[PDB]
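What follows is a single structure, written as structure tokens, with notes after it.
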Amino acid sequence: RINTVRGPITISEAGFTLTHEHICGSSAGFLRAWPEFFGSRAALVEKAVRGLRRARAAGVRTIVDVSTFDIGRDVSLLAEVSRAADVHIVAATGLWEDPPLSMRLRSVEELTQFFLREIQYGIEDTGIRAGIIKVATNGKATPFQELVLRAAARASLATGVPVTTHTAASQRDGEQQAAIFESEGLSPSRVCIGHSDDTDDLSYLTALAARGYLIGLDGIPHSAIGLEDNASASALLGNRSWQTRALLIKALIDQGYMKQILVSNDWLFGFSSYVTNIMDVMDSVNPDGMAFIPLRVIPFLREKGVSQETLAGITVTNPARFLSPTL
Amino acid sequence: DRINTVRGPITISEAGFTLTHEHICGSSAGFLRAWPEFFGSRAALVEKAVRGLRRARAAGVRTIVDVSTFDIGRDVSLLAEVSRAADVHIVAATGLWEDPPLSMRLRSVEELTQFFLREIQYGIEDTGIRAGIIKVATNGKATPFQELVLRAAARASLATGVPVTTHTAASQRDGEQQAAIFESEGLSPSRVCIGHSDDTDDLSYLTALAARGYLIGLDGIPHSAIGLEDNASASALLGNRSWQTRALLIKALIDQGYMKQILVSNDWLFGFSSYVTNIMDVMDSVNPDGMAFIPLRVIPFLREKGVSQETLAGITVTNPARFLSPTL
Ligand SMILES: [Zn+2]
Ligand SMILES: [Zn+2]
Ligand SMILES: [Zn+2]
Ligand SMILES: [Zn+2]
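As given, the protein sequences belong to chains P and W, one line each in that order. First residue of the first sequence? That's 36 in full-length UniProt numbering, and the numbers climb one at a time after it. First residue of the second sequence? That's 35 in full-length UniProt numbering, and the numbers climb one at a time after it.
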């Protein structure tokens, strides 16, 4: 049984499940401290609930919100949005690209206790528990990032919740990640290598798939084609098309790794950890928001020969098996 | 001429004896809320800061300026709570210290100015507590962003009248480069305390500034790791100059004639998460007085070296209150 922000639910209550989404991409404390940045706090919470409603109209029953502490995971703001839309939300624990000083100077012993705090006891005074552990690298692991992986693996072994990881896929990051993970004795089935549609090296994915790992093609609408005037927007979203990412799903089923795909949008309704008005530009690319998966990518795949049977396994069965704890 | 503490405004005269650089907690933003167990509990941290705050009250302190910014983890409801309990005025801080996260770092100088003025004019968070001072920092040659932070902090101060205090690596003559940016923005040296300057011995560097009109913050008087050379992490934080060696810098800056531009404080704290673990264990036994070290051990030291009580009173009451009075 899975922990959501509104309590525990059973495996089959989950349904069609986006497995890497954000409500707001921010920093810790930024939302409390400068909420005019997003218009107002209520201005943003409306923007999420409009956008979540649109996906729940499209069949989505659960999102996994992989914002960690250093992304500003306002776990109350989540459960606010989760009532008003009737979408389960699974919150995350862990650490992203930007930990603060009070994190960086901790030992792998200390980080393991904090990770188990938010899985076993609760995120802040709020009593909500996290069902997934997010971690991150961009290239070679820094010594701290190395600690984070081992602490998240030692956490994932006392609790059974899985690990999802941020990756710069162009530099075969999952390889080092999985090397570090397996050194701690974590089953490759308890780990999704994320941001993996950012590469075109299929051999790297299928090699990683074949050791047992789950592959996050969680970036399907991230494309800055049409924004070759925005320098920063092109940097954040890559020059590969959405169909280019989407086809890598079919290509990975073809190698007989349907059992191992998770698909998601990596969308967000507030974005402060990048240049200003980046959210202005991203919403014009993709008005559908988080609804881009059931409205545009599921039709596109049925148009390329993927039946409703295996689509339903990827969107319902795979996240169900992946989020259920396992000792 | 009123100043904003965390329990509403007060008048200049109400300030009294004032430590112009202190911390209740040295942390990062929401670290306290997220992992209170690192400090024992949120209760346990509040007990310990009130205890130390009453010890300094009984030695005669009324007002401390807690200069923790957003990224030192400035919990103003926490600060308001220990101000109620220990009957001590606490001025709160806006600005950006050594560790700004992504959502500040990507901001322009215009935006950062909108943010400082928000914490000065409107309030901090949803609490409606207003800041009385803008803290910024460099170590060495300013990063381009540190130039953006100094310039926006300077634009707020001209727009509001609140002073700017700073953190420096004194040994590298930072106050030279801070001052050049400040004065390039139209800001009066009277509005800027160049701090952490008892971490140098280059006396002519302090005097060169102080003549240009700046205030000089001697804000780490019991920082010294003497007798703690085997602890390499502690020796890095506190340095190897004893506390007498710093306390002399006061008397030596009085003498040069600059009694009016001298602010004195501890840079103490009751919870420290943004350094190695158990560093708070070490610091509390170097100095059991805590924030009381300036009334209890540095004041009697200076009178034995022959400073006039009328000069001491101006240093701790006339000097802070002139700094914190808003001036457009
Ligand atoms: Zn990511
Ligand atoms: Zn993400
Ligand atoms: Zn400092
Ligand atoms: Zn300080």
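All residues carry an ideal CB built from backbone N, CA and C; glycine is no exception.
Problem set entry | Given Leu303 (chain W) as reference, the closest of W:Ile98, W:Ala63 and W:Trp69 once Cα atoms are compared | For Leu303 (chain W), the nearest C-alpha among the options comes from W:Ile98.
Exercise. If you draw a straight line from the alpha carbon of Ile167 (chain P) to that of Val226 (chain P), how long is it in whole angstroms?
Worked result: So the two alpha carbons sit approximately 10 Å from each other.
Problem set entry | Within the segment 260 to 339 of chain W, ranges of the alpha helix (DSSP H) (whole runs, at least 4 residues) | Within the segment 260 to 339 of chain W, the complete alpha helix (DSSP H) segments of 4 residues or longer fall at 266 to 272, 277 to 289, 313 to 320 and 333 to 338, listed in chain order.
For this session: State the beta-bridge partners of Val99 (chain P) as determined by DSSP.
Result: Note: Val99 (chain P) sits in a beta bridge opposite P:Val125.
Exercise. Distance, Cα to Cα, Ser308 (chain W) vs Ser224 (chain P)?
Worked result: The alpha-carbon atoms of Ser308 (chain W) and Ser224 (chain P) are separated by roughly 35 Å.
Exercise. Pick from W:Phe72, W:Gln290 and W:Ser359: whose alpha carbon is nearest that of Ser62 (chain W)?
Worked result: Out of W:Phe72, W:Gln290 and W:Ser359, the CA that lies nearest to the CA of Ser62 (chain W) is found in W:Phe72.
Exercise. Shorter than 7 Å from the beta carbon of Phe65 (chain P) to some beta carbon of chain W?
Worked result: Output row for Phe65 (chain P): interface = yes.
Exercise. Alpha carbon to alpha carbon, what distance is there between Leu330 (chain P) and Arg337 (chain P)?
Worked result: Our two residues, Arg337 (chain P) and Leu330 (chain P), have alpha carbons roughly 12 Å apart in a direct line.
Exercise. Any heavy atom of ligand 3 within a distance shorter than 6 Å of the CB on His201 (chain W)?
Worked result: A heavy atom of ligand 3 is found nearer than 6 Å to the CB of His201 (chain W).
Exercise. Who are the neighbours of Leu136 (chain W) on chain P, taking C-beta pairs under 7 Å?
Worked result: Simply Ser62, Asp133 and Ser308.
Exercise. Can you find a heavy atom of ligand 4 that lies under 6 Å from the Cβ of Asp301 (chain W)?
Worked result: Under cutoff, so the answer is yes.
Exercise. Quick one, which of W:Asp105, W:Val310 and W:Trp69 has its alpha-carbon nearest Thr161 (chain P)'s?
Worked result: Out of W:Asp105, W:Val310 and W:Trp69, W:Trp69 has the C-alpha closest to the C-alpha of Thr161 (chain P).
For this session: Give, in chain order, every residue of the segment 101 to 129 of chain P whose Cβ lies closer than 8 Å to some Cβ of chain W.
Result: Residues of the segment 101 to 129 of chain P whose Cβ lies closer than 8 Å to any Cβ of chain W, in chain order: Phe104, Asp105 and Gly107.
Exercise. Are the segment 201 to 218 of chain W and the segment 163 to 181 of chain W in contact at 8 Å, needing three or more beta carbon pairs?
Worked result: Taking 8 Å as the limit for Cβ pairs, the verdict is that the segment 163 to 181 of chain W does touch the segment 201 to 218 of chain W.
Exercise. Listing by chain order, which chain W residues have their CB less than 8 Å from the CB of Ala176 (chain P)?
Worked result: What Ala176 (chain P) touches in chain W: nothing, since even the nearest Cβ is about 19 Å away.
Problem set entry | Same chain only: Cβ atoms within 6 Å of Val40 (chain P), ignoring 5 sequence neighbours per side | So the qualifying residues of the chain are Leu113, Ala114, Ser117, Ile124, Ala126 and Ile163.
Exercise. Quick one: does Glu219 (chain P) have its CB under 7 Å from some CB of chain W?
Worked result: So no, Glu219 (chain P) is outside the interface.
For this session: Quick one: which residues of the segment 298 to 330 of chain P get their C-beta closer than 8 Å to a C-beta of chain W? List them in chain order.
Result: So the close ones are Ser307, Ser308, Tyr309, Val310 and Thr311.
For this session: Scan the segment 159 to 171 of chain W for residues whose Cβ lies nearer than 7 Å to a Cβ of chain P and list them as they occur along the chain.
Result: The residues in question are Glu159.
For this session: Could you please give the first and the last residue of the uninterrupted beta strand (DSSP E) stretch that includes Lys175 (chain W)?
Result: Premise fails: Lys175 (chain W) is in no beta strand (DSSP E) and is neither H nor E.
Problem set entry | Minimum C-alpha distance to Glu48 (chain P) - residue among P:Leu362, P:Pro354 and P:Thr361 | With distances taken between Cα atoms, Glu48 (chain P) lies closest to P:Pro354.
Problem set entry | Proximity test, Cβ basis, 7 Å: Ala68 (chain P) and chain W | Closer than 7 Å to some Cβ of chain W, the Cβ of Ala68 (chain P) qualifies, so yes.
For this session: List the residues of chain P whose Cβ lies closer than 7 Å to the Cβ of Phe51 (chain W), in chain order.
Result: Residues of chain P passing the Cβ test: none, with the nearest at roughly 31 Å.
Problem set entry | Identity of the residue in P:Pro256, P:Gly220, P:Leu252 and P:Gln148 nearest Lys285 (chain P) by Cα | When the alpha-carbon of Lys285 (chain P) is set against those of P:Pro256, P:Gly220, P:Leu252 and P:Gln148, the nearest one is in P:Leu252.
Exercise. Hey, how far is the Cα of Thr311 (chain W) from the Cα of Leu136 (chain P)?
Worked result: Those two C-alpha atoms are separated by around 12 Å.
Problem set entry | Local Cβ density within 10 Å of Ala190 (chain P), reported as buried at 16 or more and exposed below that | Answer is buried; the Cβ neighbour count reaches 16.
Exercise. Name the chain W residues that come within less than 7 Å of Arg356 (chain P), Cβ to Cβ?
Worked result: Within 7 Å of the CB of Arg356 (chain P), no CB atom of chain W is found; the nearest one sits about 30 Å away.
Problem set entry | Neighbourhood of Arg91 (chain P) by C-beta distance below 7 Å, restricted to the same chain and skipping five residues each side | Exclusion of the five residues before and after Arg91 (chain P) leaves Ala120, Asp121 and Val122 as the residues of its chain whose Cβ lies within less than 7 Å of its Cβ.
Problem set entry | Distance between beta carbons of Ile37 (chain P) and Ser269 (chain P), contact taken as under 8 Å | That belief does not hold up - the Cβ atoms of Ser269 (chain P) and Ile37 (chain P) are roughly 37 Å apart, past 8 Å.
For this session: Indicate whether at least one CB of chain W lies closer than 7 Å to the CB of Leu192 (chain P).
Result: At a cut-off of 7 Å between beta carbons, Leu192 (chain P) makes no contact with chain W.
Exercise. Taking the alpha-carbon positions, what's the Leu192 (chain P) to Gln211 (chain P) distance?
Worked result: If you take the alpha carbons of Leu192 (chain P) and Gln211 (chain P), they lie about 19 Å apart.
Exercise. Does ligand 6 have a heavy atom nearer than 6 Å to the CB of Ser342 (chain P)?
Worked result: The model on display carries ligand 1, ligand 2, ligand 3 and ligand 4 but not ligand 6.
Exercise. How many whole angstroms separate the CB atoms of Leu240 (chain P) and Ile250 (chain P), which I take to be in contact at a CB cut-off of 8 Å?
Worked result: Contact between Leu240 (chain P) and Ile250 (chain P) holds: CB atoms are separated by about 6 Å, below the 8 Å threshold.
For this session: Answer with yes or no whether the minimum CB distance from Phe149 (chain W) to chain P is below 7 Å.
Result: For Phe149 (chain W), the answer is yes, since a Cβ of chain P falls inside 7 Å of its Cβ.
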